[PDB]
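K.L.:
Before anything else, here's the structure in question.
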Amino acid sequence: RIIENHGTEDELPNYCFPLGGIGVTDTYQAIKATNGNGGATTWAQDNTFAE
Amino acid sequence: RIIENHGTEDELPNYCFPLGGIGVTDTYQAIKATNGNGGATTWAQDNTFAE
Amino acid sequence: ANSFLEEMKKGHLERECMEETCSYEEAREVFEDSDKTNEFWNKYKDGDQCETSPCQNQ
Ligand SMILES: [Ca+2]
Ligand SMILES: [Ca+2]
Ligand SMILES: [Ca+2]
Ligand SMILES: [Ca+2]
Ligand SMILES: [Ca+2]
Ligand SMILES: [Ca+2]
Ligand SMILES: [Ca+2]
C-alpha cells in the first residue's frame with residue numbers, strides 16, 4: 001500500500017568465480033640453477049618435473 | 001512442518017557482468033575524413049589519435 | 001589473437017593462426033609437440049623457404 005524505499009544495503013561487491021577456481025592458464029616449464037661459474041648464472045632445465 | 005509453497009516472484013532476469021564492464025573488444029584505427037576531391041569521397045588516416 | 005574466453009578452449013589453425021597475429025603458443029597448442037610447430041610457424045613472418053626450391057639435386 002505504501003512504498004517505503006530506503007535503498008538497499010550494499011557496500012561490498014559480490015563476485016562469482018570459475019567452477020575450478022583458477023583462471024586462465026599457460027603452460028610452463030621447470031628450470032634449475034647450475035652455478036654461473038666465474039660469470040652470471042646458468043639456467044638449465046631440470047628433469048625431475050614433468051615439463 | 002506445513003508447506004505454504006507458491007513458487008517465487010521472478011518476472012525479471014538477473015545478470016552478472018564483466019568486472020570492467022565490456023568483455024571482448026577489437027582494435028580499431030582512427031580514420032579522419034580526408035574527403036574526396038570533386039566527386040568520389042576518399043579516406044585516409046590520422047595521427048592525432050593513437051593507432 | 002590471445003583474447004579472453006577465446007583461449008579458454010582450444011586453438012584452431014584457421015580460426016586464429018592466419019587472420020590473426022598468431023604470436024606462437026596458440027600456434028603450438030594445435031599439435032602439442034615439436035614436429036610441425038617450428039616449420040609451420042616459420043612461414044608467417046616472411047613466408048616459406050621451400051617455395052623457391054633453393055637446394056639442388058633433391
Ligand atoms: Ca594455453
Ligand atoms: Ca604454453
Ligand atoms: Ca588453443
Ligand atoms: Ca581462412
Ligand atoms: Ca580463437
Ligand atoms: Ca579472432
Ligand atoms: Ca590457442
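Every chain in the C-alpha cells has a letter given in the order shown (A, B, ...), and although residue numbers restart at 1 in each chain, ligands are simply numbered from 1 in the order shown.
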Lay chain A over chain B using all C-alpha atoms, matched one to one in order, with a least-squares fit; then write it out as an mmCIF file with N, CA, C and O atoms, in the first residue's frame.

P.N.:
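This is the output file part.cif:
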```
data_model
loop_
_atom_site.group_PDB
_atom_site.id
_atom_site.type_symbol
_atom_site.label_atom_id
_atom_site.label_comp_id
_atom_site.auth_asym_id
_atom_site.auth_seq_id
_atom_site.Cartn_x
_atom_site.Cartn_y
_atom_site.Cartn_z
ATOM 1 N N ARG A 1 6.657 -27.499 9.321
ATOM 2 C CA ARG A 1 5.610 -28.491 9.527
ATOM 3 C C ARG A 1 4.691 -28.587 8.324
ATOM 4 O O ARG A 1 4.383 -29.686 7.852
ATOM 5 N N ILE A 2 4.237 -27.451 7.813
ATOM 6 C CA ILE A 2 3.344 -27.421 6.666
ATOM 7 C C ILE A 2 4.046 -26.696 5.531
ATOM 8 O O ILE A 2 4.452 -25.537 5.680
ATOM 9 N N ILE A 3 4.177 -27.372 4.397
ATOM 10 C CA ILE A 3 4.784 -26.785 3.212
ATOM 11 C C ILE A 3 3.754 -25.893 2.546
ATOM 12 O O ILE A 3 2.689 -26.359 2.133
ATOM 13 N N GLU A 4 4.062 -24.610 2.438
ATOM 14 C CA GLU A 4 3.124 -23.640 1.892
ATOM 15 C C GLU A 4 3.810 -22.974 0.712
ATOM 16 O O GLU A 4 4.394 -21.899 0.845
ATOM 17 N N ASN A 5 3.714 -23.603 -0.453
ATOM 18 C CA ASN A 5 4.518 -23.232 -1.606
ATOM 19 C C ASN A 5 3.718 -22.332 -2.533
ATOM 20 O O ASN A 5 2.660 -22.728 -3.029
ATOM 21 N N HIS A 6 4.228 -21.129 -2.776
ATOM 22 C CA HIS A 6 3.558 -20.158 -3.628
ATOM 23 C C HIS A 6 4.347 -19.859 -4.889
ATOM 24 O O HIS A 6 4.024 -18.900 -5.599
ATOM 25 N N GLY A 7 5.374 -20.637 -5.180
ATOM 26 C CA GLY A 7 6.323 -20.192 -6.164
ATOM 27 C C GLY A 7 7.088 -19.005 -5.609
ATOM 28 O O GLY A 7 6.927 -18.594 -4.463
ATOM 29 N N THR A 8 7.936 -18.445 -6.457
ATOM 30 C CA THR A 8 8.723 -17.285 -6.089
ATOM 31 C C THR A 8 8.487 -16.178 -7.099
ATOM 32 O O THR A 8 8.095 -16.425 -8.241
ATOM 33 N N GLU A 9 8.727 -14.948 -6.666
ATOM 34 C CA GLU A 9 8.473 -13.777 -7.491
ATOM 35 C C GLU A 9 9.716 -13.486 -8.318
ATOM 36 O O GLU A 9 10.721 -12.997 -7.794
ATOM 37 N N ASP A 10 9.651 -13.794 -9.610
ATOM 38 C CA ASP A 10 10.788 -13.571 -10.498
ATOM 39 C C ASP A 10 10.227 -13.246 -11.881
ATOM 40 O O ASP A 10 9.925 -14.137 -12.677
ATOM 41 N N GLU A 11 10.081 -11.956 -12.151
ATOM 42 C CA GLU A 11 9.688 -11.501 -13.471
ATOM 43 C C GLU A 11 10.825 -10.850 -14.230
ATOM 44 O O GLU A 11 10.696 -10.630 -15.435
ATOM 45 N N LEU A 12 11.918 -10.542 -13.563
ATOM 46 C CA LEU A 12 13.081 -9.963 -14.189
ATOM 47 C C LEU A 12 14.233 -10.943 -14.126
ATOM 48 O O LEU A 12 14.523 -11.473 -13.047
ATOM 49 N N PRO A 13 14.908 -11.217 -15.232
ATOM 50 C CA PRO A 13 16.143 -11.994 -15.152
ATOM 51 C C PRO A 13 17.191 -11.230 -14.362
ATOM 52 O O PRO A 13 17.208 -10.000 -14.351
ATOM 53 N N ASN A 14 18.051 -11.904 -13.651
ATOM 54 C CA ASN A 14 19.095 -11.160 -12.991
ATOM 55 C C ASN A 14 20.410 -11.477 -13.690
ATOM 56 O O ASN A 14 20.764 -12.640 -13.794
ATOM 57 N N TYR A 15 21.140 -10.478 -14.177
ATOM 58 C CA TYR A 15 22.341 -10.746 -14.947
ATOM 59 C C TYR A 15 23.602 -10.425 -14.213
ATOM 60 O O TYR A 15 23.586 -9.539 -13.390
ATOM 61 N N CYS A 16 24.715 -11.091 -14.508
ATOM 62 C CA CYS A 16 26.003 -10.713 -13.905
ATOM 63 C C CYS A 16 26.920 -10.205 -15.001
ATOM 64 O O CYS A 16 26.718 -10.526 -16.155
ATOM 65 N N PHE A 17 27.944 -9.438 -14.673
ATOM 66 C CA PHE A 17 28.740 -8.856 -15.739
ATOM 67 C C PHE A 17 30.265 -9.120 -15.709
ATOM 68 O O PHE A 17 30.731 -9.944 -14.935
ATOM 69 N N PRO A 18 31.044 -8.462 -16.593
ATOM 70 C CA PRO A 18 32.497 -8.637 -16.614
ATOM 71 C C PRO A 18 33.103 -7.717 -15.628
ATOM 72 O O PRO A 18 32.681 -6.584 -15.541
ATOM 73 N N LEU A 19 34.128 -8.145 -14.925
ATOM 74 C CA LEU A 19 34.607 -7.293 -13.847
ATOM 75 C C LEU A 19 34.889 -5.883 -14.337
ATOM 76 O O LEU A 19 34.828 -4.932 -13.554
ATOM 77 N N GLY A 20 35.177 -5.721 -15.623
ATOM 78 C CA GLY A 20 35.500 -4.419 -16.166
ATOM 79 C C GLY A 20 34.344 -3.701 -16.828
ATOM 80 O O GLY A 20 34.382 -2.480 -16.982
ATOM 81 N N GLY A 21 33.315 -4.433 -17.232
ATOM 82 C CA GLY A 21 32.144 -3.823 -17.820
ATOM 83 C C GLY A 21 32.012 -3.960 -19.322
ATOM 84 O O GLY A 21 30.952 -3.621 -19.857
ATOM 85 N N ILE A 22 33.100 -4.062 -20.072
ATOM 86 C CA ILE A 22 32.977 -4.069 -21.534
ATOM 87 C C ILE A 22 33.389 -5.401 -21.948
ATOM 88 O O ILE A 22 34.319 -5.963 -21.413
ATOM 89 N N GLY A 23 32.714 -5.932 -22.920
ATOM 90 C CA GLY A 23 32.981 -7.306 -23.239
ATOM 91 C C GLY A 23 34.286 -7.730 -23.829
ATOM 92 O O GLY A 23 35.317 -7.706 -23.169
ATOM 93 N N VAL A 24 34.231 -8.171 -25.071
ATOM 94 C CA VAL A 24 35.417 -8.589 -25.740
ATOM 95 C C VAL A 24 36.167 -7.369 -26.085
ATOM 96 O O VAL A 24 36.153 -6.394 -25.357
ATOM 97 N N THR A 25 36.829 -7.413 -27.215
ATOM 98 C CA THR A 25 37.517 -6.243 -27.663
ATOM 99 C C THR A 25 38.124 -6.502 -29.015
ATOM 100 O O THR A 25 38.302 -7.642 -29.413
ATOM 101 N N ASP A 26 38.411 -5.437 -29.740
ATOM 102 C CA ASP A 26 39.011 -5.578 -31.033
ATOM 103 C C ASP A 26 39.725 -4.314 -31.334
ATOM 104 O O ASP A 26 39.191 -3.242 -31.151
ATOM 105 N N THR A 27 40.942 -4.431 -31.806
ATOM 106 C CA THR A 27 41.714 -3.259 -32.043
ATOM 107 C C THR A 27 41.036 -2.458 -33.103
ATOM 108 O O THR A 27 40.396 -3.013 -33.977
ATOM 109 N N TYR A 28 41.168 -1.150 -33.037
ATOM 110 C CA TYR A 28 40.608 -0.313 -34.065
ATOM 111 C C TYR A 28 41.549 0.842 -34.338
ATOM 112 O O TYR A 28 42.492 1.053 -33.580
ATOM 113 N N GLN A 29 41.298 1.611 -35.391
ATOM 114 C CA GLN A 29 42.194 2.680 -35.804
ATOM 115 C C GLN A 29 41.396 3.869 -36.315
ATOM 116 O O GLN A 29 40.412 3.701 -37.039
ATOM 117 N N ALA A 30 41.832 5.068 -35.943
ATOM 118 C CA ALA A 30 41.143 6.284 -36.337
ATOM 119 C C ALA A 30 41.406 6.618 -37.801
ATOM 120 O O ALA A 30 42.407 6.211 -38.390
ATOM 121 N N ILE A 31 40.448 7.332 -38.404
ATOM 122 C CA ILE A 31 40.528 7.741 -39.788
ATOM 123 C C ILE A 31 40.048 9.152 -39.785
ATOM 124 O O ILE A 31 39.659 9.645 -38.752
ATOM 125 N N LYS A 32 40.072 9.830 -40.923
ATOM 126 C CA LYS A 32 39.682 11.243 -40.970
ATOM 127 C C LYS A 32 38.766 11.425 -42.115
ATOM 128 O O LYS A 32 37.878 10.616 -42.303
ATOM 129 N N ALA A 33 38.957 12.470 -42.906
ATOM 130 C CA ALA A 33 38.125 12.579 -44.104
ATOM 131 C C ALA A 33 38.543 13.614 -45.138
ATOM 132 O O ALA A 33 37.783 14.525 -45.433
ATOM 133 N N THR A 34 39.728 13.468 -45.716
ATOM 134 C CA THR A 34 40.139 14.363 -46.770
ATOM 135 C C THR A 34 39.034 14.335 -47.755
ATOM 136 O O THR A 34 38.552 13.275 -48.127
ATOM 137 N N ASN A 35 38.606 15.501 -48.176
ATOM 138 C CA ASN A 35 37.480 15.576 -49.078
ATOM 139 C C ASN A 35 37.615 14.640 -50.242
ATOM 140 O O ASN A 35 38.723 14.316 -50.652
ATOM 141 N N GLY A 36 36.492 14.198 -50.789
ATOM 142 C CA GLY A 36 36.532 13.376 -51.988
ATOM 143 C C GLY A 36 36.288 14.330 -53.135
ATOM 144 O O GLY A 36 35.165 14.454 -53.608
ATOM 145 N N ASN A 37 37.331 15.019 -53.583
ATOM 146 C CA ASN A 37 37.169 16.044 -54.620
ATOM 147 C C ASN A 37 36.726 15.510 -55.972
ATOM 148 O O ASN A 37 37.309 14.553 -56.477
ATOM 149 N N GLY A 38 35.724 16.146 -56.576
ATOM 150 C CA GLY A 38 35.181 15.649 -57.817
ATOM 151 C C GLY A 38 34.717 14.210 -57.777
ATOM 152 O O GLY A 38 34.029 13.773 -58.710
ATOM 153 N N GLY A 39 35.056 13.462 -56.730
ATOM 154 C CA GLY A 39 34.650 12.074 -56.613
ATOM 155 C C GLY A 39 34.075 11.740 -55.252
ATOM 156 O O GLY A 39 33.692 12.637 -54.494
ATOM 157 N N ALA A 40 33.980 10.454 -54.951
ATOM 158 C CA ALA A 40 33.343 10.031 -53.711
ATOM 159 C C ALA A 40 33.924 10.626 -52.462
ATOM 160 O O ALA A 40 33.635 11.760 -52.101
ATOM 161 N N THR A 41 34.728 9.840 -51.773
ATOM 162 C CA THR A 41 35.241 10.317 -50.531
ATOM 163 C C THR A 41 36.494 9.612 -50.175
ATOM 164 O O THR A 41 36.571 8.398 -50.203
ATOM 165 N N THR A 42 37.485 10.383 -49.816
ATOM 166 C CA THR A 42 38.714 9.796 -49.410
ATOM 167 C C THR A 42 38.512 9.244 -48.053
ATOM 168 O O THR A 42 37.401 9.230 -47.550
ATOM 169 N N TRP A 43 39.587 8.819 -47.432
ATOM 170 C CA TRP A 43 39.487 8.223 -46.139
ATOM 171 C C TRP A 43 40.881 7.900 -45.730
ATOM 172 O O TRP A 43 41.365 6.819 -45.999
ATOM 173 N N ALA A 44 41.539 8.811 -45.057
ATOM 174 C CA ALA A 44 42.911 8.576 -44.721
ATOM 175 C C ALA A 44 43.064 8.162 -43.305
ATOM 176 O O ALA A 44 42.095 7.827 -42.652
ATOM 177 N N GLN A 45 44.276 8.215 -42.796
ATOM 178 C CA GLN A 45 44.441 7.939 -41.398
ATOM 179 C C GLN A 45 45.029 9.120 -40.691
ATOM 180 O O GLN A 45 46.172 9.452 -40.942
ATOM 181 N N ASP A 46 44.277 9.768 -39.804
ATOM 182 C CA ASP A 46 44.798 10.865 -39.005
ATOM 183 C C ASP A 46 45.898 10.367 -38.076
ATOM 184 O O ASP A 46 45.942 9.193 -37.702
ATOM 185 N N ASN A 47 46.805 11.273 -37.715
ATOM 186 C CA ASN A 47 47.914 10.942 -36.835
ATOM 187 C C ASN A 47 47.689 11.353 -35.388
ATOM 188 O O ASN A 47 48.488 10.974 -34.526
ATOM 189 N N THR A 48 46.630 12.107 -35.099
ATOM 190 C CA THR A 48 46.432 12.618 -33.747
ATOM 191 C C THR A 48 46.072 11.511 -32.767
ATOM 192 O O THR A 48 46.432 11.588 -31.588
ATOM 193 N N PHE A 49 45.373 10.483 -33.224
ATOM 194 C CA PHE A 49 44.930 9.401 -32.360
ATOM 195 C C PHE A 49 45.877 8.219 -32.472
ATOM 196 O O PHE A 49 46.139 7.734 -33.576
ATOM 197 N N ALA A 50 46.389 7.762 -31.332
ATOM 198 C CA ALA A 50 47.219 6.569 -31.325
ATOM 199 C C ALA A 50 46.447 5.415 -31.940
ATOM 200 O O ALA A 50 45.264 5.220 -31.664
ATOM 201 N N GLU A 51 47.122 4.649 -32.790
ATOM 202 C CA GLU A 51 46.439 3.805 -33.758
ATOM 203 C C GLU A 51 46.169 2.400 -33.248
ATOM 204 O O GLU A 51 46.119 1.458 -34.046
#
```

K.L.:
Residues of chain C classed as alpha helix (DSSP H) by DSSP on the backbone are to be reported as a ChimeraX atom specification.

P.N.:
/C:37-41

K.L.:
Could you list, as a PDB file with N, CA and C atoms, in the first residue's frame, all protein and nucleic acid residues with an atom at most 10 Å from ligand 5, counting only C-alpha atoms and all ligand atoms?

P.N.:
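File produced: part_31.pdb:
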```pdb
ATOM      1  N   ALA C   1      43.549 -13.144 -31.424  1.00  0.00           N
ATOM      2  CA  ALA C   1      44.951 -13.211 -31.036  1.00  0.00           C
ATOM      3  C   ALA C   1      45.105 -14.054 -29.783  1.00  0.00           C
ATOM      4  N   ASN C   2      45.093 -13.394 -28.630  1.00  0.00           N
ATOM      5  CA  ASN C   2      45.151 -14.054 -27.333  1.00  0.00           C
ATOM      6  C   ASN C   2      44.123 -13.447 -26.387  1.00  0.00           C
ATOM      7  N   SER C   3      42.901 -13.238 -26.883  1.00  0.00           N
ATOM      8  CA  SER C   3      41.830 -12.617 -26.085  1.00  0.00           C
ATOM      9  C   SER C   3      41.357 -13.506 -24.958  1.00  0.00           C
ATOM     10  N   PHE C   4      40.381 -13.042 -24.184  1.00  0.00           N
ATOM     11  CA  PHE C   4      39.957 -13.826 -23.029  1.00  0.00           C
ATOM     12  C   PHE C   4      39.207 -15.093 -23.459  1.00  0.00           C
ATOM     13  N   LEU C   5      38.012 -15.357 -22.923  1.00  0.00           N
ATOM     14  CA  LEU C   5      37.289 -16.598 -23.240  1.00  0.00           C
ATOM     15  C   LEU C   5      38.022 -17.305 -24.352  1.00  0.00           C
ATOM     16  N   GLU C   6      38.036 -16.746 -25.548  1.00  0.00           N
ATOM     17  CA  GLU C   6      38.817 -17.317 -26.600  1.00  0.00           C
ATOM     18  C   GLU C   6      39.680 -18.393 -26.092  1.00  0.00           C
ATOM     19  N   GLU C   7      40.824 -18.032 -25.531  1.00  0.00           N
ATOM     20  CA  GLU C   7      41.790 -19.031 -25.068  1.00  0.00           C
ATOM     21  C   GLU C   7      41.334 -19.716 -23.819  1.00  0.00           C
ATOM     22  N   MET C   8      40.066 -20.083 -23.763  1.00  0.00           N
ATOM     23  CA  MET C   8      39.580 -20.825 -22.630  1.00  0.00           C
ATOM     24  C   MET C   8      39.072 -22.076 -23.263  1.00  0.00           C
ATOM     25  N   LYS C   9      39.557 -22.346 -24.466  1.00  0.00           N
ATOM     26  CA  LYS C   9      39.170 -23.568 -25.147  1.00  0.00           C
ATOM     27  C   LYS C   9      40.374 -24.219 -25.792  1.00  0.00           C
ATOM     28  N   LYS C  10      40.321 -24.387 -27.100  1.00  0.00           N
ATOM     29  CA  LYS C  10      41.427 -24.957 -27.852  1.00  0.00           C
ATOM     30  C   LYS C  10      41.614 -24.177 -29.146  1.00  0.00           C
ATOM     31  N   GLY C  11      42.863 -24.058 -29.585  1.00  0.00           N
ATOM     32  CA  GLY C  11      43.144 -23.297 -30.783  1.00  0.00           C
ATOM     33  C   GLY C  11      42.689 -24.007 -32.042  1.00  0.00           C
ATOM     34  N   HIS C  12      42.569 -23.230 -33.115  1.00  0.00           N
ATOM     35  CA  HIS C  12      42.255 -23.755 -34.437  1.00  0.00           C
ATOM     36  C   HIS C  12      43.120 -23.054 -35.471  1.00  0.00           C
ATOM     37  N   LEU C  13      43.731 -23.840 -36.351  1.00  0.00           N
ATOM     38  CA  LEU C  13      44.771 -23.328 -37.236  1.00  0.00           C
ATOM     39  C   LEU C  13      44.220 -22.411 -38.329  1.00  0.00           C
ATOM     40  N   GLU C  14      42.902 -22.388 -38.492  1.00  0.00           N
ATOM     41  CA  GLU C  14      42.265 -21.435 -39.436  1.00  0.00           C
ATOM     42  C   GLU C  14      41.688 -20.254 -38.653  1.00  0.00           C
ATOM     43  N   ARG C  15      40.992 -20.565 -37.561  1.00  0.00           N
ATOM     44  CA  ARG C  15      40.349 -19.571 -36.706  1.00  0.00           C
ATOM     45  C   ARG C  15      41.318 -18.491 -36.245  1.00  0.00           C
ATOM     46  N   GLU C  16      42.365 -18.910 -35.549  1.00  0.00           N
ATOM     47  CA  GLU C  16      43.354 -17.974 -35.005  1.00  0.00           C
ATOM     48  C   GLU C  16      44.541 -17.802 -35.975  1.00  0.00           C
ATOM     49  N   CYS C  17      45.410 -18.803 -36.030  1.00  0.00           N
ATOM     50  CA  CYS C  17      46.674 -18.669 -36.739  1.00  0.00           C
ATOM     51  C   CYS C  17      46.517 -18.562 -38.245  1.00  0.00           C
ATOM     52  N   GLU C  20      44.865 -13.859 -37.738  1.00  0.00           N
ATOM     53  CA  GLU C  20      45.334 -13.187 -36.516  1.00  0.00           C
ATOM     54  C   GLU C  20      46.866 -13.117 -36.492  1.00  0.00           C
ATOM     55  N   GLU C  26      49.421 -20.264 -29.095  1.00  0.00           N
ATOM     56  CA  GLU C  26      48.188 -20.721 -29.766  1.00  0.00           C
ATOM     57  C   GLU C  26      48.550 -21.395 -31.121  1.00  0.00           C
TER      58      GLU C  26
END
```

K.L.:
Just to confirm, what's the straight-line distance from atom 1 (Ca, counted along the ligand's line) of ligand 6 to CA of residue 44 in chain C in Å (one decimal)?

P.N.:
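Going from atom 1 (Ca, counted along the ligand's line) of ligand 6 over to CA of residue 44 in chain C covers 16.7 Å.
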
K.L.:
Compare C:58, C:49, C:34, C:25 by their minimum atom-to-atom distance to ligand 3, counting only C-alpha atoms and all ligand atoms, and give me the closest one.

P.N.:
C:25

K.L.:
Give me, please, the distance in Å between CA of residue 22 in chain C and CA of residue 39 in chain C, quoted to one decimal.

P.N.:
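CA of residue 22 in chain C sits 14.1 Å away from CA of residue 39 in chain C.
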
K.L.:
Could you work out how far CA of residue 56 in chain C lies from CA of residue 43 in chain C, giving the answer in Å with one decimal?

P.N.:
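For CA of residue 43 in chain C relative to CA of residue 56 in chain C, the distance reads 21.0 Å.
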